[PDB]
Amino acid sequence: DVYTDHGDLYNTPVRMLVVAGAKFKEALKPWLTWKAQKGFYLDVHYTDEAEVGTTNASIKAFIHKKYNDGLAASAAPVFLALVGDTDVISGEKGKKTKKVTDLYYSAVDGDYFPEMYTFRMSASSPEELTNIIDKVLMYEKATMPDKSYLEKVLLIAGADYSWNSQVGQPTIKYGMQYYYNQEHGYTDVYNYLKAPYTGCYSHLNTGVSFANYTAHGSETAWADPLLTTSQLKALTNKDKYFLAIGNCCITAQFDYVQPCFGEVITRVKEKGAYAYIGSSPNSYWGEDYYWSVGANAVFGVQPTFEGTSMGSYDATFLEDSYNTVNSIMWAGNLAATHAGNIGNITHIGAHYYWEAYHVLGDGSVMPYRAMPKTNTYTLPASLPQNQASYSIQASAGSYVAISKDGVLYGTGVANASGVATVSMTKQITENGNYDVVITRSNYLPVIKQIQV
C-alpha cells in the first residue's frame, strides 16, 4: 500500500539542498551554521548562479539534477529548502489544483510522490527571513527561558453548519483521545469544539507548542473563529513559538496578491510560528478528515485508533519515525491517498492533495511532544587529530555531529549500547575549539565544545 511504498523520507547522515534568492545570502548564515552544527550536510545555491537560474524551469532542472546526481552517489538530499517568496522561486500552477505549488521541485521521477521533504522559507526581506530563523534557532537550541509552554496545545474545530459535527469535532476528539492528553505529558489542552469560541486565540499568546485549526479558511485568515493576518501581527508570544496547522482552504496560497496567512504567521517577529502546514488551493472536508485521523474514518462518528489507518496525528506520535514538521504533512497526504486507494468517500483526489499542502517556515524542525526529555551523554576530555572516526557515548538513537565554524566534519547515530561511531568525512587536522551537538526526537539538544 502507500505506507509500505512511500514511508518517511528522513535518513542519516542528514543531507539538505538549499536553493535561495541572492538577497538572503547574509541572513541565511546563522541558520546554515546551526544546521551544519546539528549534523546536516548542506549543499547551498543561489539564483544568481547561472546553473540554478531564476525561472521555474531552470530552478526545477537544477534541483532534479542535484537529486539524481546525489542519488547516483548514494548521497541523495533528504530535504529541499526553498528560500524566498514567488518573486525569486515562482513555483508553478498545479495540474489538479490550478493554484501555486512547490510539488514539482520535489517530485523528480514520474509519479506525484516527492523525492525530498520540501519547505519554503518565504520572506520579502532579509529581516523577515531572520525573524523565521530566530524562532527556529530558539526552538531547536531550546534557549527559551520558560519551557513549560511546550506542554500546551490549542485545538479548534471551527464553524460549519454541516461539517463541524461530521468531521471537525471527530478530528479534534481523536487527537485528544489518543495523543493531546495528560498521559502524553500535555498539561493544558485548550480545545474549542463549537461556539462560543470567545477567547480561543488568547492561548496563542499565553503559550502553546502547537495550534491546529480545522474549518473554513481564506488567503489571509482562519475564518471562524476569526484569526486574520492583522491579528497575527498583534500576537505577543515572545519566546513561545509554535507549529501551526491550518486544515482549511487557501491559507498557504503563497503567490497571493498579499502575504498569505502561512507567510505572515512565520514571518512575524518574535511571535507566531516557526513553521506552518496549510493548503495553497481549497482543502476538502473528506480528505482533511483522513489527513489528520487516518483512512476508514466515518463522517459524524468519532473514529478509533484500531479502526483507522495512520494519519498525521498518529505519525507525529510514533516515537521512532515521522519526527519532522515535513513528515507530519507527508503522513497526512499518505492517509488522504490511502483513503482513495481503499475506496473511502473522497471529495477531490490524492494527486490534488500532494499539490495542495505545503510547509512554510522550517520543515526540517523535529517538534517536541510535550516537555522534551533530558538526554544522557559522555564527552571525552579531548579529540586526537587525524582519526577516521570517534566513539561518543549518547542514548541509543541520538545523532552526534562534530563541526567547526559552521563546517560539518563528521556524524554518527548512537547504537543500541549507547555508542555513536562519528564517521569523519573531514578529519581534524588543526588544533582549536570544535562544536559537538547531540540531538534526538523529543529530547533537549546537547550543545558543547571539545578541545583539540
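Numbers follow the displayed sequence, beginning with 1.
Asks: So, looking at the entry's B-factor column for Cα atoms, which has the higher mean, 353 to 361 or 110 to 118?
Replies: In the deposited entry, the stretch with the higher C-alpha B-factor mean is 110 to 118.
Asks: Could you check which stretch, 423 to 431 or 27 to 35, carries the larger mean CA temperature factor in the entry?
Replies: Comparing 423 to 431 with 27 to 35, the higher average CA B-factor belongs to 423 to 431.
Asks: Quiz for you: based on the deposited Cα B-factor, which of 302, 148, 162, 181 is highest?
Replies: Most elevated C-alpha B-factor of the set, per the entry: 162.
Asks: Of the choices 326, 341, 130, 191, which one's C-alpha carries the largest B-factor in the record?
Replies: Spelled out: the listed residue with the top C-alpha B-factor is 341.
Asks: By the record's CA B-factor, is residue 272 among the lowest, middle or highest third of residues in the chain?
Replies: Its C-alpha B-factor, which the entry lists for residue 272, ranks in the lowest third among residues of this chain.
Asks: Ranked by Cα temperature factor within the chain, is residue 291 in the lowest third, the middle third or the highest third?
Replies: It falls in the bottom third of the chain.
Asks: Sorting the chain's modelled residues by C-alpha B-factor, tell me whether residue 5 ends up in the lowest, middle or highest third.
Replies: Lowest third of the chain for residue 5's C-alpha B-factor.
Asks: Looking at the temperature factor on the CA atom of residue 436, which third of the chain's modelled residues does it land in?
Replies: Answer is highest: the recorded C-alpha B-factor places it there.
Asks: If you rank the chain by CA B-factor, which third does residue 14 end up in: lowest, middle or highest?
Replies: Middle third by C-alpha B-factor.
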